[PDB]
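Heads up, the chain below is alone and in the form deposited in one PDB entry; it's given as structure tokens.
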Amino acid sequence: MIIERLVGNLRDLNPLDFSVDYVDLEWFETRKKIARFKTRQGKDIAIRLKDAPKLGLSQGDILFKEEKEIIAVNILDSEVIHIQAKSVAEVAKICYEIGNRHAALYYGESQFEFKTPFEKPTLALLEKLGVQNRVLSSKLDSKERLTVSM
């Protein structure tokens, strides 16, 4: 089946009212408009999206919704550097240095927290700046991404 339009996002509804099948996406594939998947329940599903969200596909974005069945997007965990800034000035320094390296950056759960894909030089940079950071397996959700130019 080939889907051409998203139908919103699981946060807009009560998911327990529905059987939710997922398609698994890598964080770095979320900006694809044309792709094919096998859902976790083995359904053949493709996308050829006319107008995708500019941030890319987010967690819970709904590809298909009929009666009580949903096919929704899950973004796969990846190795992630989590950043804990301690001041507004630090937030500025960090984002500026990370932008200079052109590394992807995402907002974290709090206004002083950020996430970036694990890369050795990124790690080195933060350690160099003396910024508190953690390496974990986590989701890089498109809707949290800081835009390259948008």
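Numbers follow the displayed sequence, beginning with 1.
Inset, instruction - For the higher mean C-alpha B factor in the entry, choose 87 to 95 or 52 to 60. - result: Result: 52 to 60.
Inset, instruction - Read off the CA B-factors in the entry, average them over 136 to 144 and over 123 to 131, and name the higher stretch. - result: That would be 123 to 131.
Inset, instruction - Using the B-factor values recorded in the entry, state whether the Cα atom of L105 falls in the lowest, middle or highest third among the modelled residues of its chain. - result: For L105, whose C-alpha B-factor we compare with every modelled residue in the chain, the answer is the lowest third.
Legend entry - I34 CA temperature factor, ranked by third within the chain: Highest third - that is where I34 ends up once the chain's C-alpha B-factors are sorted.
Inset, instruction - Report the third (lowest, middle or highest) to which the CA temperature factor of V20 belongs, ranking only the modelled residues of the same chain. - result: Its C-alpha B-factor, which the entry lists for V20, ranks in the middle third among residues of this chain.
Legend entry - Chain thirds of CA B-factor: placement of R40: Its C-alpha B-factor belongs to the middle third of this chain's values.
Inset, instruction - Please place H82 in the lowest, middle or highest third of its chain by C-alpha B factor as given in the entry. - result: It falls in the middle third of the chain.
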